[PDB]
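Residue numbers (the deposited numbering), protein chains in the order written: chain B, 3 to 735; chain 1, 35 to 228; chain I, 68 to 104; chain 9, 27 to 212; chain F, 153 to 227; chain C, 2 to 81; chain G, 32 to 126. Using N, Cα and C, we set each Cβ at its ideal position, and we do this for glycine too.
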Amino acid sequence: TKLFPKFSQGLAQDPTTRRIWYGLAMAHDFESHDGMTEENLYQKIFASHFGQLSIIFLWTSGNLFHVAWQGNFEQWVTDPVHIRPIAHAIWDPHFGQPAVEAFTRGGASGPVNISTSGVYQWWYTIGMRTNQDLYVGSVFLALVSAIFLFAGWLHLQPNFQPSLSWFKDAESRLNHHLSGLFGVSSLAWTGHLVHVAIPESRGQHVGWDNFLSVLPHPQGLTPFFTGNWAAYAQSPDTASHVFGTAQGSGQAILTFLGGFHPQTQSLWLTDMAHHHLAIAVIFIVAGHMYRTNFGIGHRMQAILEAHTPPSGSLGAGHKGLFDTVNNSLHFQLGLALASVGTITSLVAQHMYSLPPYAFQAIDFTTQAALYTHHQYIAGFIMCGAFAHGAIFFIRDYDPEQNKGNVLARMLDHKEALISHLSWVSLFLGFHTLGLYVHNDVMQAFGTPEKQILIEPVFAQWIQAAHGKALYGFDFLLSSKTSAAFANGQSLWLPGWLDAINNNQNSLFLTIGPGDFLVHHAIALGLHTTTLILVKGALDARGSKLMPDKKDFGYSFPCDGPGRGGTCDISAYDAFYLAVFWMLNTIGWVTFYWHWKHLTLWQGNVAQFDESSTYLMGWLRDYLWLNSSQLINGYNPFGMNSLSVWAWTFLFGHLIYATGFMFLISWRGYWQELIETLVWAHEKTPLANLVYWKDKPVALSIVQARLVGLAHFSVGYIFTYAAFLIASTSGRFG
Amino acid sequence: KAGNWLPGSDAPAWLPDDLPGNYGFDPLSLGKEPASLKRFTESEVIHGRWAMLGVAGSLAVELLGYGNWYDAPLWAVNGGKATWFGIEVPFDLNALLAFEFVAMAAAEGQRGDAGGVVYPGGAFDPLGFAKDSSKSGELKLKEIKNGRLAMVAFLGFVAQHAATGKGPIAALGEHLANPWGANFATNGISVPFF
Amino acid sequence: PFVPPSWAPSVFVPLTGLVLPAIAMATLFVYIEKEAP
Amino acid sequence: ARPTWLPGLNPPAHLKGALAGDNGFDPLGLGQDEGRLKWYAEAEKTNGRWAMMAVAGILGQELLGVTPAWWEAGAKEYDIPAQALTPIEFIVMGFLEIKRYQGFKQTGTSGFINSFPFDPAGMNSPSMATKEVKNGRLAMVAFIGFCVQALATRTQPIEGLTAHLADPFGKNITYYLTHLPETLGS
Amino acid sequence: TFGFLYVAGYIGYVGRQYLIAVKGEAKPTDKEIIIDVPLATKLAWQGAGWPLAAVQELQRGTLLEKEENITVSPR
Amino acid sequence: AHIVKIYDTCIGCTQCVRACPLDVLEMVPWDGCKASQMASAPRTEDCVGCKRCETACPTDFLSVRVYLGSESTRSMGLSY
Amino acid sequence: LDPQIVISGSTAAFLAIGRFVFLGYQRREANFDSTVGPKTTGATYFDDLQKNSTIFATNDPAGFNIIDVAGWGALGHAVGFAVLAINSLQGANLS
Ligand code: CLA
Ligand code: CLA
Ligand code: CLA
Ligand code: CLA
Ligand SMILES: CC1=C(/C=C/C(C)=C/C=C/C(C)=C/C=C/C=C(C)/C=C/C=C(C)/C=C/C2=C(C)CCCC2(C)C)C(C)(C)CCC1
Ligand SMILES: CC1=C(/C=C/C(C)=C/C=C/C(C)=C/C=C/C=C(C)/C=C/C=C(C)/C=C/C2=C(C)CCCC2(C)C)C(C)(C)CCC1
Ligand SMILES: CCCCCCCCCCCCO[C@H]1O[C@H](CO)[C@@H](O[C@H]2O[C@H](CO)[C@@H](O)[C@H](O)[C@H]2O)[C@H](O)[C@H]1O
């Protein structure tokens, strides 16, 4: 039999091409490998994590190297407002001379790509000023990548493999990760800001060669050890400070100004220094909570066992959950993806409205790409969070050990949960779509005053509570007599209120009826996607149509045409259907973010306010209007620098449409077609001398759903990425 | 049973009859679990005893002309010095928190380890009013009824001040001046549509 | 010291785009087809 | 009942007292695998042996009037160029250390080049083994004291001691940690 | 808001009354494809007081089925 | 090879055996049902996984179950 | 404020209440961790890293070992600097 795959004898004995495809697709499902034990499972995962870490630091090293080698960082730092950053050089032998000239720009030697990832603003903010600064960082991270790779090898060796119990010491790992991984890293990052980043923003060079002889503050550590910590907040950078120079600069290293630096339109460095110092203290303290070898602290099992409501409303409460969580990796992975997935959305939300990197706001293409980038990644992570929660129920859930606790009771009323999610999705869809169609008919008939425009009073009321005085609610921070206004009036409100009432920045943009409709469409996306994913998990173990679904696994094709038909009945298929709704939801979010910002960046916000209340406005004034430059990247008269995005735009449409083939036409058609191809090859003279070793067959039922979904997603992403960058960059960049 | 909160109703089974101050009032059945009721029984007495001290203290300050209960801690803000009965006190806010935190931790920690004692007696009853242990039923009923009354009164102090801004004694004087024109129905706050 | 030569793309782009893929595909094709002893 | 680092503390089981300087000090229980404790014991001496020479070298250089301070020696230029020094050191140290490791694996003791143990003068006994560790530990603590005192006081070891002796209460860690601008502004 | 809910509850309550009415018949399925118009008109007019009738069913406990009389999948 | 299991709720209707298009199943004597016969799966190496047997089983839930497993020339239904 | 008085004063209070007030309560809650049981039952190096290999015995009558001193001393230092830092914010110009 064939060697590959070495981890499954069932695959290795398959004489068809399914062996190749399935061998690739089951490589990282360690639990399903032949001869796998629990202890070997954890040691492989530990080794794999070292590999991922080494790739991350190597990928970062490659970015640093190419910007220094081929970028214009040293030129960009001089005039960041009027210089486009360079990502890397182009050496494409297929280029013609017009293409070579078209992509030559920014004073570069030859063709180059413009960066959109914002690394220039990030690196410039944290104190990098020269190409040699980037070169040393690149070599340092390449070395760090090597060390992690060695550690991955080291801990696979006979005397360094941790035992199974080592991976299940929950109290000790939480203490270290909270205090050391989070707390000390944040404390160390405060050291960089106080010692390097802040001085570099004030025109003083601090490097490894002189940082031991430079005083971060004129009073060196006397305020710190004497408790007079307020001395570090005196004489902050003035409003006239020019970033990177000593004119208008101050001396404070810890402040709470609370606003935006007037020139860079980004958060103050002294606030970001005090921010990281504050959480570092909290995280170091929080890391002394759990039991270890020293006789103090909590044991997490005791905490869970205690929290049972005395009235029996939650049944057994949280009894038995410690083993349920501590023994299942899919439960832990589901909690990790759900938490990280939400934080990825939070990063996108807060970075566009509280830009932390100098000159990030004015780079419109970078801001658009960064928000879209992280929202699409958050969407994928959330779908994975529910997928592994569904896998937990099939593989790791033990009904006997979870008898009567909160987890078991979720399955008890799963129909109630699914029924109510179904109602909310239907309600939002009916009325959200209905109002849009009503407004479209009114616009078509020429009566824009007959449409249903509902003021977002609840959201506009929140903005009033934060100090936005436009709506006249005179509430909390919007009223100058409230205690909330008075108490903070000496710490951060003067800066915060100044920024929130500036209508040229993205801090709490003004909202109207156009924002009301879009937000309710977003809710429909979240609820429907949750409905599909939640049903896939709660029904994973069985249903009326298939009472014993657990016996078949997480992913199987179907149960056949009997009992009416069971296509797409597994929990794997519920995730597969939910990915479509995730893309649809994130699409609505990113269209909404992009259109509301393009109108702001052009100064004509009225277009969004007027055209966003009906769906023809989106198609006409957003998709059609902003495609004009994209599709002219190359035309019968020539081409320009946008021809790559024009080409990638159609490239996306093609991959997307190809995915329809794997989703619409199913296996039986193709297997019978391949059988005539097998006949044709064998009877053809001069070709039947050559022969195959793996019998050709059609893709499997499950494989084609993944292959179709992969093409659908890739085409989805590449089409909008090309349009997002091209429309934003051509308009302003 | 000390009475019936809702005449004609049926007393809850889970409320023992001899429990002091038992009027059968438990619309939400919060005391259904015996263990929970035991904790609630202690908390009511402790809450009432603190409320009785607080209401007595709040009224005493304003009756003697030393301000209202709400203005008392303003010296620690503006920069003035503390005063008690007009006698100047030599401590400042940060110092006061030190004595209170240590003092209250000792007393409350000592009470906490007693495991739910609510009628200690002994050194806490020097005059021997409850030494009998048989006639204490009325005294326990009197304590809880005055305790519940004090708890309602203090909520009145907080609620009334948040609406009109005047002290409890000043509010009483204003009600008597114009009972029909000065009450909760005339705040402009309590009833939005009046 | 770090700056690579100006001719680096001329060698590395064909090397990583045409040469290494050819050897990688040949290595993988032989590996998957290889039969167990 | 040997003396222990903490009064009235029975030493942990994994520490038997056989090793030299065994005071039962292992609050984190790092040494509990017999295969690692033997490696750590050898690692303790070698770190101490390098510390003992380093402390003597810093003190000797200062007492003999060598300049600049021990933390500026690298900046100074010598007969051999700095580029040539490292290749010489790498080859020489690589040879000595590789043979240092090879002997340890075979014998389990410490030695030099091809001799394990390296005791030409025949001085060796449990007392000598104990004295080596205690003097070694003191040097390891001493060297870190030099490094930190250079950071804060920016004075050489003997120089710092003289200042403390001259003005014990006026000059100490309390003074220097609150006068970094003055000392570093000179 | 309260205008729509009255009509929406009217329609839903009338349909629920008809569905319960035919469950007692010999062949309920044939009473659903082929509507019993005389009964439907009778229930159509009585639905004007649905909010009163709906509340009284809730308080008497006949609005909801028992958990033990509803089929559910294995768990 | 796929896995085919017969459970003790079989009533011996023989419909699974008739439905099977590869003669994988057969009927054997039994005493656990009125028909005094039970379905058997002696030749699962020829099973292709069509699940026609499950379509034909009257009992609820099924008394014959097919669990698709390792693939081969026979189970993949190849004539080449 | 004088740091020596505030920091030492707060530490003394937190050590005093810890030794004399909450020592009994703290020990009882520590036994609630005994009901669950030990973390691991093994004899490998990595299993040994999860056991109380060293027991910190103390001659104090109440059993106020060094680990307890570090715990209650840390809270006193944390509270002491909070008091000093907040009081420092008074009379601060442009801060
Ligand atoms: C045993 C070695 C030793 C000795 C004899 C001295 C002696 C002196 N030191 Mg130095 N020092 C040492 C170690 C030592 N130091 C260490 C390890 C550090 C790093 C923390 C420092 C950091 C240091 C500074 C920052 C300063 C001095 C200063 C001084 C002088 C005044 C005393 C003082 O302020 O001490 C108080 C402060 C100390 C840190 C001394 C601690 C000494 C004890 C014995 C260390 C015990 C370590 C312990 C065994 C480790 C256990 C680890 C645990 C995890 C198990 C004086 C000449 C001052 C001076 O005037 O210098 C010119 C001064 O400014 N020392
Ligand atoms: C850190 C997070 C994490 C980790 C450790 C894992 C780990 C695992 N997952 Mg999970 N998963 C994650 C995130 C994670 N997942 C996310 C984010 C999602 C949502 C998308 C999912 C959704 C998911 C599903 C639905 C399933 C798993 C499964 C698995 C297991 C097998 C994986 C395997 O064999 O892949 C093999 C890998 C492949 C076949 C290829 C993966 C690459 C895809 C097809 C996209 C390729 C795009 C391509 C590069 C684009 C080219 C563009 C072109 C222009 C060049 C394994 C335990 C499977 C399992 O067995 O669970 C029990 C399973 O069914 N995961
Ligand atoms: C534009 C495409 C589209 C639309 C409109 C819908 C609509 C719907 N999907 Mg579907 N879905 C789509 C694409 C779409 N999907 C795709 C591509 C996939 C991937 C396979 C899925 C996968 C999917 C899943 C897995 C689920 C849904 C669900 C839903 C419902 C969500 C709740 C809702 O909006 O209720 C409001 C209803 C609508 C907006 C539907 C349209 C109503 C029209 C306008 C009524 C017109 C009536 C009028 C009198 C005219 C009739 C004329 C005729 C008689 C000739 C809804 C029925 C969820 C569901 O069923 O929840 C209950 C669900 O679980 N969808
Ligand atoms: C990074 C990948 C890559 C690279 C470096 C190239 C490079 C090239 N492609 Mg492209 N190509 C690629 C990927 C790539 N392609 C892919 C993926 C596709 C499919 C989508 C194509 C499809 C494609 C087509 C259809 C054509 C090209 C052509 C070309 C040539 C255009 C420039 C020219 O005028 O050459 C002129 C070429 C020469 C003067 C000769 C160059 C050297 C020859 C090709 C090989 C010499 C071998 C040597 C004698 C012996 C072995 C040496 C070896 C062991 C070191 C050039 C050789 C054009 C061409 O001319 O191809 C031959 C062409 O028609 N490519
Ligand atoms: C199925 C399953 C699973 C999964 C799950 C998931 C995936 C979930 C998710 C979830 C989620 C994803 C959630 C979230 C949530 C959230 C929240 C809950 C939030 C909250 C918030 C808050 C509360 C806030 C507040 C505030 C505000 C608003 C403002 C100001 C500030 C403050 C803070 C105050 C698992 C694994 C378990 C397993 C089993 C099964
Ligand atoms: C013997 C004896 C005695 C005495 C005793 C004593 C005197 C003691 C002391 C003790 C002490 C005196 C202790 C201490 C401790 C301390 C500690 C443990 C600390 C800690 C700290 C920390 C942890 C910190 C932290 C931080 C930082 C670093 C920065 C900022 C922030 C914070 C603050 C957080 C008596 C007579 C009583 C009795 C008899 C016997
Ligand atoms: C402005 C006013 C602010 C007031 C803030 C009050 C903060 C209170 C913090 C209490 C911290 C815990 O301290 C408190 O824990 C337990 C009660 O819960 C008591 O300890 C007791 O409590 C258990 C439950 O009642 C008993 O079964 C046990 O005998 C014992 O564990 C402690 O003796 C007490 O000190």
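Which class does residue i belong to by DSSP, given the choice of helix, strand or coil?
{"i": "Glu102 (chain I)", "result": "strand"}
{"i": "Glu122 (chain 1)", "result": "strand"}
{"i": "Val680 (chain B)", "result": "helix"}
{"i": "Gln206 (chain B)", "result": "coil"}
{"i": "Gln163 (chain B)", "result": "coil"}
{"i": "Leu627 (chain B)", "result": "helix"}
{"i": "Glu177 (chain F)", "result": "coil"}
Buried or exposed: where does residue i fall if 16 or more other Cβ atoms within 10 Å of its Cβ makes it buried?
{"i": "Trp65 (chain 9)", "result": "exposed"}
{"i": "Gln123 (chain B)", "result": "buried"}
{"i": "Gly68 (chain G)", "result": "exposed"}
{"i": "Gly25 (chain B)", "result": "buried"}
{"i": "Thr615 (chain B)", "result": "buried"}
{"i": "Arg19 (chain C)", "result": "exposed"}
CA-CA distance, residue i and residue j?
{"i": "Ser355 (chain B)", "j": "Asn49 (chain 9)", "result": "59 Å"}
{"i": "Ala116 (chain 1)", "j": "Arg59 (chain G)", "result": "41 Å"}
{"i": "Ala706 (chain B)", "j": "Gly314 (chain B)", "result": "48 Å"}
{"i": "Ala363 (chain B)", "j": "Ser268 (chain B)", "result": "8 Å"}
{"i": "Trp103 (chain 1)", "j": "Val95 (chain 1)", "result": "7 Å"}
{"i": "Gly182 (chain B)", "j": "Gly289 (chain B)", "result": "8 Å"}
{"i": "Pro100 (chain B)", "j": "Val49 (chain C)", "result": "60 Å"}
{"i": "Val78 (chain I)", "j": "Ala70 (chain B)", "result": "20 Å"}
Are the beta-carbon atoms belonging to residue i and residue j less than 8 Å from one another?
{"i": "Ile396 (chain B)", "j": "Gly555 (chain B)", "result": "yes"}
{"i": "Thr60 (chain C)", "j": "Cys11 (chain C)", "result": "yes"}
{"i": "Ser484 (chain B)", "j": "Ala471 (chain B)", "result": "no"}
If contact is defined by three or more beta carbon pairs under 8 Å, each pair taking one atom from either stretch, is the segment 453 to 460 of chain B in contact with the segment 563 to 575 of chain B?
No, they do not touch.
Do the segment 109 to 123 of chain 9 and the segment 160 to 175 of chain F meet, that is, are 3 or more Cβ pairs less than 8 Å apart?
Result no; under three Cβ-Cβ pairs closer than 8 Å.
So, do the segment 51 to 61 of chain B and the segment 142 to 158 of chain B have three or more beta carbon pairs nearer to each other than 8 Å?
Segment contact: the segment 51 to 61 of chain B against the segment 142 to 158 of chain B, three or more CB-CB distances shorter than 8 Å; contact assigned.
Does the segment 528 to 543 of chain B come within contact of the segment 293 to 305 of chain B, defined as at least 3 CB pairs closer than 8 Å?
The segment 528 to 543 of chain B, when compared against the segment 293 to 305 of chain B, does not touch it at the 8 Å Cβ threshold.
For the segment 141 to 157 of chain 1 and the segment 73 to 86 of chain 1, state whether three or more C-beta atom pairs, one from each stretch, are separated by less than 8 Å.
Yes, the segment 141 to 157 of chain 1 is in contact with the segment 73 to 86 of chain 1.
Decide yes or no for the touch test of the segment 22 to 32 of chain C against the segment 570 to 579 of chain B: beta carbon pairs closer than 8 Å, at least 3 of them.
The answer is no - the segment 570 to 579 of chain B does not touch the segment 22 to 32 of chain C, with fewer than three Cβ pairs under 8 Å.
Would the segment 79 to 98 of chain 9 and the segment 175 to 182 of chain 9 be scored as touching if the rule is three or more Cβ pairs under 8 Å?
Flag = yes, the segment 79 to 98 of chain 9 and the segment 175 to 182 of chain 9 touch.
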